[PDB]
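Comments concern the structure below.
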Amino acid sequence: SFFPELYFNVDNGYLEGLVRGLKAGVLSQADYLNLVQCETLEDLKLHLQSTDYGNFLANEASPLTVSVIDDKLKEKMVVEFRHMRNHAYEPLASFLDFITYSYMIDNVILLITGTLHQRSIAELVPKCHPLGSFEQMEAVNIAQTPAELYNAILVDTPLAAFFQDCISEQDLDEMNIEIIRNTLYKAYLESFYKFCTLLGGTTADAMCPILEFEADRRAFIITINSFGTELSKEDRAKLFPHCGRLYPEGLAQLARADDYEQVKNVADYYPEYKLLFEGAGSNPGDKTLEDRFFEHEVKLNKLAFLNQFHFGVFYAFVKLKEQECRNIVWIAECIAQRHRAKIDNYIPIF
Amino acid sequence: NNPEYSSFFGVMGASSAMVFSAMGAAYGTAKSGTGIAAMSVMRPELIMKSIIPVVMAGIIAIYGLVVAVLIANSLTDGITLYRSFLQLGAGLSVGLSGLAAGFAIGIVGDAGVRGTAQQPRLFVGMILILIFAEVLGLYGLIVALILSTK
Amino acid sequence: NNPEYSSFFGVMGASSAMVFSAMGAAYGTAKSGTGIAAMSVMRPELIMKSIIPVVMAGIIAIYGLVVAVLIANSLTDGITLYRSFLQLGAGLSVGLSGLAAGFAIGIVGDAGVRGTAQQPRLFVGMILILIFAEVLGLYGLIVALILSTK
Amino acid sequence: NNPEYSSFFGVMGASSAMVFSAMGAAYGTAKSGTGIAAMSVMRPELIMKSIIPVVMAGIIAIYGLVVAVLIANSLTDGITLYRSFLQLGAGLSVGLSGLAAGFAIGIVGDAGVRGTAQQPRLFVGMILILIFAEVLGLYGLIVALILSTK
Amino acid sequence: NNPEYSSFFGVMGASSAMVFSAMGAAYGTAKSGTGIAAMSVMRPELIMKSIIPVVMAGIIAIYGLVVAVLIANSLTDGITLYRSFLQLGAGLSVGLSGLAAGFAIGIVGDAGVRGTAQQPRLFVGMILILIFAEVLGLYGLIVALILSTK
Amino acid sequence: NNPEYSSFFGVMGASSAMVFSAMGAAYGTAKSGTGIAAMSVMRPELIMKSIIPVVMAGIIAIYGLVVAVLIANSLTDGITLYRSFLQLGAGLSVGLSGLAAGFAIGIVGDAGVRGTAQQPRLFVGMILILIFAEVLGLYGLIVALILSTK
Amino acid sequence: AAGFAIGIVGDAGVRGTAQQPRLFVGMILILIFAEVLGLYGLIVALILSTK
Amino acid sequence: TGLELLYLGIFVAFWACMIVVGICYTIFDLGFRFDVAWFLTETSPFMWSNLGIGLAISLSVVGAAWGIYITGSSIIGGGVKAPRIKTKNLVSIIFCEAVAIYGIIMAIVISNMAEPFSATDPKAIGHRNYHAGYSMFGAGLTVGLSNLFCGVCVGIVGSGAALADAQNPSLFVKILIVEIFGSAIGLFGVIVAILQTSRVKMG
Amino acid sequence: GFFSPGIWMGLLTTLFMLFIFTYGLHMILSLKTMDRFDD
Ligand SMILES: CCCCCCCCCCCCCCCCCC(=O)OC[C@H](COP(=O)([O-])OCC[N+](C)(C)C)OC(=O)CCCCCCCCCCCCCCCCC
Ligand SMILES: CCCCCCCCCCCCCCCCCC(=O)OC[C@H](COP(=O)([O-])OCC[N+](C)(C)C)OC(=O)CCCCCCCCCCCCCCCCC
Ligand SMILES: CCCCCCCCCCCCCCCCCC(=O)OC[C@H](COP(=O)([O-])OCC[N+](C)(C)C)OC(=O)CCCCCCCCCCCCCCCCC
Ligand SMILES: CCCCCCCCCCCCCCCCCC(=O)OC[C@H](COP(=O)([O-])OCC[N+](C)(C)C)OC(=O)CCCCCCCCCCCCCCCCC
Ligand SMILES: CCCCCCCCCCCCCCCCCCCC(=O)O[C@H](COC(=O)CCCCCCCCCCCCCC)COP(=O)(O)OCCN
Ligand SMILES: CCCCCCCCCCCCCCCCCCCC(=O)O[C@H](COC(=O)CCCCCCCCCCCCCC)COP(=O)(O)OCCN
Ligand SMILES: CCCCCCCCCCCCCCCCCCCC(=O)O[C@H](COC(=O)CCCCCCCCCCCCCC)COP(=O)(O)OCCN
Ligand SMILES: CC(C)CCC[C@@H](C)[C@H]1CC[C@H]2[C@@H]3CC=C4C[C@@H](O)CC[C@]4(C)[C@H]3CC[C@]12C
Ligand SMILES: CC(C)CCC[C@@H](C)[C@H]1CC[C@H]2[C@@H]3CC=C4C[C@@H](O)CC[C@]4(C)[C@H]3CC[C@]12C
Ligand SMILES: CC(C)CCC[C@@H](C)[C@H]1CC[C@H]2[C@@H]3CC=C4C[C@@H](O)CC[C@]4(C)[C@H]3CC[C@]12C
Ligand SMILES: CC(C)CCC[C@@H](C)[C@H]1CC[C@H]2[C@@H]3CC=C4C[C@@H](O)CC[C@]4(C)[C@H]3CC[C@]12C
Ligand SMILES: CC(C)CCC[C@@H](C)[C@H]1CC[C@H]2[C@@H]3CC=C4C[C@@H](O)CC[C@]4(C)[C@H]3CC[C@]12C
Ligand SMILES: CC(C)CCC[C@@H](C)[C@H]1CC[C@H]2[C@@H]3CC=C4C[C@@H](O)CC[C@]4(C)[C@H]3CC[C@]12C
Ligand SMILES: CC(C)CCC[C@@H](C)[C@H]1CC[C@H]2[C@@H]3CC=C4C[C@@H](O)CC[C@]4(C)[C@H]3CC[C@]12C
Ligand SMILES: CC(C)CCC[C@@H](C)[C@H]1CC[C@H]2[C@@H]3CC=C4C[C@@H](O)CC[C@]4(C)[C@H]3CC[C@]12C
Ligand SMILES: CC(C)CCC[C@@H](C)[C@H]1CC[C@H]2[C@@H]3CC=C4C[C@@H](O)CC[C@]4(C)[C@H]3CC[C@]12C
């Protein structure tokens with residue numbers, strides 16, 4: 002073993018305790034039921050004030066809207082993550098930066114989409130995810146030139162390493178934005194897995210399963226969603242991350258797959274995914290495959306907290322709070338639209 | 006008479022018996038405790054049962070102590086070089102066997118405690134494996150005794 | 006008419022035989038341990054069946070113990086330097102052969118118990134591989150005996 | 006007459022022939038078992054055919070054992086220091102050549118079993134490479150015998 | 006006349022000639038095997054044609070074996086310290102030259118077999134490069150034989 | 006009468022008492038300082054309150070200085086080996102104790118400054134820990150005062 | 105050791121003082137607490153060298 | 002891992018040198034020069050005894066500080082949202098500090114066994130003095146290293162218990178048991194040290 | 413000889429103090445400064 006016990010708390014013990022304290026504030030099942038029993042978004046805020054959220058929504062306008070609640074939840078999560086990052090040292094700082102790359106990959110896609118369609122880059126920043134903010138000024142005032150934007154990404158963005166998967170700036174106008182996003186995410190996931198493996202010890206043990214499931218679900222859902230599209234099998238197989246547990250002959254079989262039945266057959270070889278596929282009836286009124294994968298992801302993130310001396314706790318907390326914010330937004334949507342019947346579709350945590 | 010330096014190896018035997026066995030027991034207890042504490046938030050009712058690995062790790066220390074005591078009681082300033090080497094060998098054997106058993110107990114106890122948090126049926130299995138690791142320390146003790154009494 | 010430090014090496018045989026083997030066994034009992042835990046969450050019914058690696062690792066320890074005790078019973082105050090070297094060689098042989106066998110058993114057992122959760126047919130295969138790894142330790146014991154009973 | 010420390014080098018030759026060959030065989034068996042476990046998830050029918058690496062790794066251990074036993078039979082109270090050097094050289098040669106051969110067999114067998122899960126035609130090629138990675142140990146054995154029986 | 010320890014360097018020379026050459030050949034074989042396993046999935050019909058780097062590594066091992074046997078047949082009890090040093094130098098020269106040649110062969114063969122999966126014309130080039138690595142070991146052998154026959 | 010080198014060890018003790026303690030203090034004065042720099046951007050009013058860790062680190066240095074002076078004023082030309090090694094033991098005690106206490110103070114203060122920035126109630130809590138860490142160094146000093154005046 | 109402490113403390117303080125000027129005095133104090141460490145060594149050195 | 006590389010290089014170089022030096026001494030019939038007796042005998046017992054006392058205190062303090070910071074980082078990180086921890090979990094720190102206390106006590110119990118010889122010839126120094134030095138060194142090693150490991154273990158368990166306490170108050174009372182077990186090792190070391198220097202008498 | 417009792421004692425003392433100094437310097441060199449400050 003790497004004996005992370007002896008030296009982990011030297012630099013990251015305070016943040017380990019702090020992030021666990023933050024995780025203690027994630028809504029439990031009872032809080033979710035209490036919020037489910039609300040009648041109006043005002044009552045939702047009332048019932049939410051008794052939780053860790055407190056008065057995060059008191060300032061906002063009385064006529065609450067789901068967009069306002071979502072924005073406030075995202076702002077709170079961003080503030081907490083930024084506070085944790087500012088107090089983190091070199092290794093944990095790199096880990097948290099890797100966490101933010103996931104949103105930087107979507108933000109850069111937004112930037113290139115706007116630039117190619119000739120919309121001011123400065124006007125796209127408001128729609129970018131705060132956790133992946135491009136505070137660098139090299140990618141601003143680009144004058145709507147895709148080549149300049151690509152050079153800015155390569156020079157003054159941590160995505161330069163992931164943009165070497167592409168070959169040139171022409172690809173920005175050549176490949177579809179979805180293919181670019183998925184290639185960038187594949188490269189980012191592989192880099193993250195390599196980083197976590199290099200960290201080793203409890204970090205690798207508690208973090209490699211989560212990235213492995215991420216890769217496997219990416220493969221499954223890219224296969225399932227691309228059946229009816231022009232995305233060819235050869236180009237589809239390029240989007241499968243190689244970190245997953247499907248890498249030997251699993252990803253290949255998925256690439257050869259031509260129907261959901263074949264994807265289910267491929268998943269059958271792995272009992273942990275066999276159960277997820279079995280439970281995903283996908284017919285109206287029952288959990289879909291994406292919901293089952295969300296449940297498994299939440300389970301893995303929760304199990305990431307049984308280890309102590311590792312950085313996987315921060316990634317697990319970020320993902321768990323992301324799911325909690327999505328659950329609260331879903332409850333608010335069900336309240337606003339009066340669709341109480343599906344109000345139980347939220348994925349509980351703890 | 007015997008050499009002036011003969012007692013050195015017996016002294017080092019006692020020191021090794023205690024130090025390495027203490028290292029093993031300390032690692033076992035630390036690993037098991039950091040697994041148990043992290044489990045308890047999820048499964049608070051298991052702590053007591055999950056204390057079993059810690060006890061096993063503690064037993065390793067006892068073994069060291071036992072042998073150490075022997076070497077610290079049979080060690081005079083004028084023991085033959087042969088007896089001093091025997092005590093050094095007994096001490097090294099018990100200490101390093103206890104170190105290995107403590108590492109194994111820490112790893113197995115942490116993993117099994119977390120699994121029991123996730124799968125109660127694993128409990129008995131864990132115990133078996135822990136015993137198989139604990140026995141290792143016992144083996145060392147046996148050999149140590151055979152060497153220290155001889 | 007023999008050096009009084011002759012027994013030293015012989016002792017370092019016994020000690021080693023029980024130390025290194027134990028370490029090897031520990032590693033086995035450690036790695037397999039973890040594996041069982043990891044695979045016990047989803048497939049509880051295989052916990053007892055998937056305890057073979059640990060048992061094999063345990064046997065490795067016994068090998069060392071045997072040799073150690075044998076050496077610990079062949080030691081004498083006037084042990085010649087030749088017999089002392091024989092016992093040191095036997096102890097190192099058994100201890101480090103058991104260490105290598107324990108490493109192999111730990112790795113193979115972890116991999117096999119994790120795979121058998123997904124591929125039942127692998128079980129027998131795992132056993133075969135484990136046997137091969139076990140055989141390595143056995144070889145050491147053989148040599149040790151040949152060296153320790155000349 | 007002859008130095009009393011010659012038997013030390015003889016027993017070191019025996020214990021090296023055993024220990025290093027056992028370490029090589031253990032590494033080969035561990036890597037091949039990991040590869041077999043990874044492969045068998047999708048291709049169960051190849052659990053047995055993919056055991057050839059392990060066997061070819063086990064053979065390496067046998068080589069070491071052979072030399073070890075030979076040395077353990079050639080040892081005597083009055084081996085000339087030159088004879089002890091011959092035995093030590095034979096033991097080192099067989100043990101370390103077997104260690105290198107075991108590393109090669111482990112890597113080649115793991116890669117070959119992983120590849121054969123996706124390409125059956127690789128099997129034969131894999132076998133050849135394993136042979137080329139096994140004769141190395143054989144070479145060591147030869148030299149050891151030429152040194153041990155001189 | 007000659008010191009009783011002269012044969013030590015000769016036996017070490019033989020053991021080095023075998024061990025280091027075997028290590029080099031083993032590394033070459035391992036790297037080439039991994040390369041062939043990666044290659045064969047997409048281009049199976051190149052497996053037999055791509056076995057050449059393993060053959061070259063085997064030839065390096067054979068160089069080592071030749072020098073080792075030569076030293077092990079010119080090694081006598083009354084071996085002059087000067088001739089013992091000559092044989093040690095021959096062994097080290099061949100062993101480490103073969104180690105370097107095996108490293109070069111492994112890296113070059115891995116790269117060449119991987120590339121030839123995508124560019125057939127590279128095959129011939131690879132062979133050339135491999136020969137340029139092979140001669141390295143040959144050079145060592147040359148020197149070794151000189152020193153062995155001096 | 007006494008060896009001309011007898012004064013070396015004592016001198017080193019004195020230097021050690023100054024050096025390691027300083028290192029300890031330095032680490033504290035570094036870590037806490039970093040923490041303060043991180044805290045003071047949002048909570049400037051806590052700078053003076055949060056300077057306590059640094060002060061405690063400084064105290065550690067003082068202890069070392071004391072012992073160093075206490076040894077540097079007692080080094081006589083005919084300092085016997087007994088007194089020389091008593092002073093060496095005192096120096097090692099105080100130096101390593103101050104080093105460890107400085108590390109603990111630095112880490113605890115770097116955590117507690119930020120914690121008190123977040124939760125004011127932690128301030129006293131932080132202190133309640135720091136003093137403990139500090140007295141560890143004190144304990145070393147105490148033993149030094151027992152030794153250098155034995 | 106004092107140079108290590110002064111490096112860490114002074115760098116952190118000069119970078120933070122760009123954000124919060126009130127930290128300046130704080131930094132200075134900490135630097136003094138580091139500086140005295142070297143001074144302590146000097147003292148002992150003299151007590152040894154001029155003995 | 003640059004510093005790790007330096008340490009590994011030094012270790013490998015030292016032990017390769019030791020292997021080659023031992024081979025040369027054994028083979029060249031120069032074993033008589035490798036007098037381990039001469040090393041253990043000419044080396045003054047005062048060196049061994051004072052290294053023993055210094056280690057008894059310093060390694061115990063090192064373990065106490067290691068555990069104290071290991072558990073204090075977790076205590077002060079958890080207490081940001083659950084300050085009650087600072088009140089309840091000081092026990093963990095106490096246990097760590099207890100380790101150091103044993104150290105000083107054993108140091109005293111060892112330092113009381115010292116006494117000059119007025120002799121330099123090994124026959125004059127004698128078995129009693131040489132064994133006194135060796136046993137004081139061994140007792141120092143035992144107490145210091147047992148206390149080091151016990152302090153580190155108690156610190157790890159205390160950090161775990163503080164992280165568990167931040168989320169459920171009713172867990173610390175049941176996790177302290179582990180700390181108690183982790184503490185016993187310290188005591189064991191002390192006992193053994195007391196047994197090693199029971200019949201030690203320099204002079 | 414290569415070593416003498418005074419040289420041996422000095423070397424062992426210096427070895428222990430070099431171990432202590434290496435531990436201290438390894439812990440000091442691990443010191444890292446924050447790369448960001450709160451807004
Ligand atoms: C790289 C990291 C930094 C270094 C950290 C590690 C430092 C290691 C400390 C080295 C001290 C070793 C003790 C020296 C005394 C013993 C020497 C000896 O055995 O020979 C004299 C002994 C005894 O000699 P003697 O007793 O006949 O001589 C008469 C006595 N004197 C000389 C004192 C007057 O045997 C010989 O005579 C051998 C002669 C040949 C010399 C062989 C030396 C062995 C090592 C040679 C190769 C180097 C090894 C490392 C390989 C490369 C690196 C991996
Ligand atoms: C791959 C590594 C390369 C191999 C070489 C490694 C470096 C070793 C060289 C270190 C420098 C020492 C050179 C000799 C200095 C003079 C010593 C002297 O006077 O000798 C007197 C010594 C001792 O004295 P003596 O024995 O000659 O005198 C008689 C003494 N009585 C009566 C007691 C027997 O003997 C010699 O004459 C030695 C001559 C040859 C020494 C060669 C160096 C020894 C180490 C060689 C390496 C050992 C490992 C071999 C296998 C390696 C395989 C990887
Ligand atoms: C790396 C982990 C540690 C293991 C390797 C290193 C171990 C030793 C390191 C400490 C320094 C060297 C110690 C030996 C000093 C020499 C003592 C001496 O001359 O007396 C010998 C003694 C006495 O020598 P003597 O000349 O007095 O002979 C006896 C003569 N009468 C009886 C008349 C008095 O006898 C021995 O030969 C004992 C064996 C130990 C000496 C050899 C050391 C081995 C070094 C490792 C290499 C092993 C070779 C095989 C390699 C493969 C291994 C698997
Ligand atoms: C706070 C601690 C900081 C870290 C630790 C660093 C401390 C270093 C202290 C200096 C080295 C001391 C080594 C041991 C010798 C002690 C003195 C002693 O007892 O000797 C009396 C002895 C007494 O001798 P004797 O009388 O016992 O010998 C028997 C009689 N004769 C000599 C005739 C055979 O005499 C000596 O001075 C022996 C020589 C020892 C010299 C050892 C070499 C030291 C090299 C210095 C380090 C390298 C410097 C260059 C670095 C490069 C840049 C980084
Ligand atoms: C491997 C090939 C064979 C090597 C054989 C020769 C012996 C080993 C020599 C080293 C060989 C490998 C090269 C390592 C160079 C030194 C270590 C890395 C660089 C270095 O020292 O800088 C930083 C430490 O600062 C410093 O400069 C502090 C270091 C100096 C401290 C000196 C005190 C120790 C004295 C030795 C006694 C203690 C013995 C303990 C076992 C560490 O860099 P980083 O890791 O932070 O950054 C990552 C990259 N550097
Ligand atoms: C495969 C790896 C290698 C394994 C082989 C073992 C290697 C161990 C390394 C230690 C060295 C080898 C041991 C044998 C050599 C001992 C020295 C013999 C030389 C000699 O003749 O010295 C005698 C004194 O030494 C003595 O009698 C000393 C006796 C003690 C020797 C053993 C001590 C080694 C250190 C053990 C430390 C253990 C630490 C545990 C934490 C003479 O003396 P004399 O009475 O004739 O004097 C006459 C004066 N006029
Ligand atoms: C630049 C920085 C400052 C300077 C460096 C200071 C730090 C490094 C120094 C540490 C020591 C390193 C060297 C160790 C040498 C081992 C023995 C060498 C073999 C040898 O020839 O020794 C013979 C005696 O050795 C014996 O009697 C054998 C005793 C072996 C004991 C070794 C214990 C310490 C090292 C290993 C353990 C480390 C853990 C701490 C205990 C000498 O023979 P002669 O001809 O002079 O004899 C005269 C009468 N016969
Ligand atoms: C098993 C451990 C924890 C100790 C607990 C039981 C105690 C009382 C037993 C277990 C093994 C026993 C030792 C076994 C071997 C010998 C040699 C024998 O000829 C007489 C006594 C003596 C020295 C025994 C003393 C008592 C002993 C230490
Ligand atoms: C006591 C419990 C833990 C059972 C474990 C058995 C161990 C600790 C004890 C109990 C009885 C002991 C044996 C009793 C008698 C002797 C004879 C003596 O000449 C050598 C030791 C030897 C051979 C002992 C070895 C260790 C032993 C087997
Ligand atoms: C079940 C208990 C006894 C422990 C498990 C290991 C047992 C089977 C081992 C441990 C030590 C072994 C003994 C070691 C040495 C000897 C001396 C030899 O000339 C006859 C066999 C004999 C007497 C062995 C018999 C088997 C033995 C008792
Ligand atoms: C497959 C079976 C036979 C192997 C398992 C048991 C092994 C450890 C036993 C069975 C028979 C044993 C052999 C029987 C008799 C002797 C003669 C003795 O002077 C040296 C040891 C030697 C040569 C033994 C070596 C170890 C041995 C091979
Ligand atoms: C696993 C098995 C089938 C593989 C081969 C291993 C056995 C048969 C080998 C290993 C050691 C060998 C022995 C090595 C040395 C000697 C002494 C020699 O003067 C004659 C033969 C004899 C007695 C050998 C017989 C065969 C032997 C026992
Ligand atoms: C033929 C190939 C496959 C090699 C397989 C057999 C090898 C390992 C063995 C079996 C019998 C051995 C031979 C048996 C006896 C002698 C005579 C001796 O004075 C020198 C070595 C020599 C000549 C041996 C060389 C190696 C040898 C040929
Ligand atoms: C495929 C592998 C095994 C090739 C083996 C290498 C061959 C070519 C080498 C290695 C050692 C060599 C032998 C070394 C010594 C002798 C004795 C001498 O009086 C004549 C030639 C003869 C008999 C050599 C023949 C060729 C030889 C056997
Ligand atoms: C495969 C081949 C090319 C590698 C070996 C190269 C050949 C050409 C070299 C290497 C060593 C050489 C030998 C070295 C020394 C002597 C002794 C001298 O009195 C006659 C020539 C003779 C016998 C040489 C003949 C040629 C030789 C055998
Ligand atoms: C670089 C580090 C690893 C240390 C250097 C290796 C040491 C062990 C080697 C290197 C060169 C060696 C020296 C080379 C030659 C001689 C002359 C001989 O008559 C006595 C031994 C003596 C004086 C050797 C002592 C050991 C020695 C100093």
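Protein chains in written order, with PDB author numbering: chain d, 2 to 351; chain o, 6 to 155; chain n, 6 to 155; chain m, 6 to 155; chain l, 6 to 155; chain g, 6 to 155; chain h, 105 to 155; chain b, 2 to 204; chain P, 413 to 451. Backbone N, C-alpha and C fix where the C-beta goes; we use that ideal spot for every residue, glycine too.
Any chance the CB of residue i is under 6 angstroms from a heavy atom of ligand 3?
i: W420 (chain P); result: no
Where does the unbroken alpha helix (DSSP H) through residue i begin, and where does it stop?
i: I151 (chain g); result: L127 to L152
i: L91 (chain n); result: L86 to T121
Assuming residue i and residue j make a contact with CB atoms under 8 angstroms, what is their CB distance in whole Å?
i: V81 (chain b); j: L127 (chain g); result: 7 angstroms
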